[PDB]
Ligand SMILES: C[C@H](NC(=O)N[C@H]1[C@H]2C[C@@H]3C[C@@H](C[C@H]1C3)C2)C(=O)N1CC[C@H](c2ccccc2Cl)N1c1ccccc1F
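First, one chain by itself in structure tokens, the form deposited without the ligand.
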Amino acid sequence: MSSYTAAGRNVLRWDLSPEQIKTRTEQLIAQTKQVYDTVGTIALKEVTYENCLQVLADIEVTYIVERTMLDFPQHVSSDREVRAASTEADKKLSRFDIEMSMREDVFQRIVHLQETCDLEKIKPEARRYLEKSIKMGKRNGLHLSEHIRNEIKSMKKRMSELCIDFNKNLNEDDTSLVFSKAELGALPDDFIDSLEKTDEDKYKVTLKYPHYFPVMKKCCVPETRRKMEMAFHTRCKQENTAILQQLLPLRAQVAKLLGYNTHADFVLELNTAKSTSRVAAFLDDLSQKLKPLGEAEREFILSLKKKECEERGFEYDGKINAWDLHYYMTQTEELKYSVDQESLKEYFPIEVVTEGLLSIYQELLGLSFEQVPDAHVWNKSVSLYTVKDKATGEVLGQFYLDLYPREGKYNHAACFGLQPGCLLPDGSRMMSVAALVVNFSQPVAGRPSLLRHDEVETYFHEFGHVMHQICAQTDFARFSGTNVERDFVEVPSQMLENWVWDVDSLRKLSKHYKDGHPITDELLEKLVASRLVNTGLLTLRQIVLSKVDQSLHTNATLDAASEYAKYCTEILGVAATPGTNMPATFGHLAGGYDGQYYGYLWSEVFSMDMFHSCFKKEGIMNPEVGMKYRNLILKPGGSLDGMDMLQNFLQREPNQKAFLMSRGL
């Protein structure tokens, strides 16, 4: 199938029944294992590029594609039965994945292939394929004695359970409090009316994010904010503190058995940050550069508290408590820019944001987006688009847009890679496929869907991931799409966010939904100028969490809560509430990417360097720079190291000057 059409290149089924999902899973696992069994039995002396590397590579592509039809419905299907089947399928397939990665026999074949192979004869990406494959095996201990390999098993096992147990507790928790209307002063009528009422003139308030934050940010009653913050940071205190006490030491031992000093170093080796000392130097120096901004903001907030405590007859303690930060930061936003979010949204009808976003990406990346007429989708609200290179007509891929909240649908924003843009056996290329999943306000009371500014920002972010997935073209499935370093994956996304804080871009994404008049220049200038409100404390807060993260995987004998409290006073200047245990509620530790929390801030520094040093310098809609970004940063996917791609694009090593300049540091 030609690279200049979408015909027949996307046959993913989105209407499979529970029984079919179950059957296909059984068959995919069984048939895929036969392939690894075959490679695992090749006589070492007869291992070749064709019967070993090529076979492993071909099966990796086939498996990944079939697997998406089975593990994606759990996130978008309208049928609960289908979703449950998908969840089960993902669980079996995830276990199988671990099984195959622990194959000693297959590993031996790849190691011996590299020994006798003349790397200069094959392509660079293939060398990286072997290199990375052997590296992963060693990271699983496939080069060690059976005794050590087994001990590493009964350990990677527990740490998996302990993490599911940690998460389960938090998720299951149903802690609740009851406050009177008076105790919830300053909270909007809409908020209170959404609350359950008791056999008293009391309202029920849970600790889930939808209740917790509006209260910590708007409730003028300090004592209420206080109890809410205390209950929130003591959730599963015992259960999870005990889990963390077994878990962190387990991570230490496993790292040692594998030849690493700490778990942090084990984790960091696969990231562009490379090491623990580098991450520490990154964070330490950043908090130093932010110290003066944090002091000023903290000073300003403290004066607001002292002034309010007077105007309200409230007692004063001269300090910013944990349950005070959210409130006063909100006050700061209101006093310095006062942007009526609910008013501004009227200028962002989803039709307009969508057409503008696409129009902008088309021009910048030299692409054309065309909506597929009668597309096969998982829900009628989903639209499908074909992506062609404007100049050549090449069909790079297709992307789906699933924009509204729906029962059973993933409730957070994300981009799912569904098909890799890698080479197929015949040398033809597989068409890349992505799904943009977000939950934007649906139309109500006769008004179209109206997006708040932060939603437009999320839209650009997620679309940044989609372009990465679609423009990425590699020889191997494992290096395709967004398969780059974990502390590099948010580079394409955070850089695109800058466009929603650009006056002229904003002009293309807005029009009043009613009469269609534009956003006044006065409002636009106010909007962009407001971007960095509270950055000092917000950033320092993210550094503290990043430090706690590194610490929990560097020294597994220290007390989490104490480490957290230490960094709070030293870096944020806001004390952790005595008796609470934030780390015990830090879902990021157990499941997810523990040891990688610093990645988001690390990515932002990099994206800021590319945006200011290149786009700002040449004009953010300059096609030249746009194509350079697409070709040097997106197209290579994970077939090249993150730092090398940055350097190719920048023509120099990256640095944080641009990032610091933005903050006025």
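The first residue of the shown sequence is 1; numbering continues from there.
The protein also exists as the form deposited with the ligand bound; that form is not presented, and the subsequent description refers to it.
In the deposited bound form, the ligand lies farther than 4.5 Å from every heavy atom of residue 603. The ligand is not drawn, but in the deposited bound form it has no heavy atom within 4.5 Å of residue 321. Residue 107 belongs to the set of residues with a heavy atom inside 4.5 Å of the ligand in the deposited bound form. Contact check for residue 389: every heavy atom lies farther than 4.5 Å from the ligand in the deposited bound form. Figure note: of the listed segments 592 to 600, 622 to 630, 51 to 59, 605 to 613, the one touching the ligand in the deposited bound form, with heavy atoms no more than 4.5 Å away, is 51 to 59. When you look in the deposited bound form, the only residue of 29, 634, 64, 42 with a non-hydrogen atom within 4.5 Å of the ligand is 64. Of the residues 416, 129, 440, 400, just one reaches the ligand in the deposited bound form with a heavy atom at 4.5 Å or closer; this is 129.
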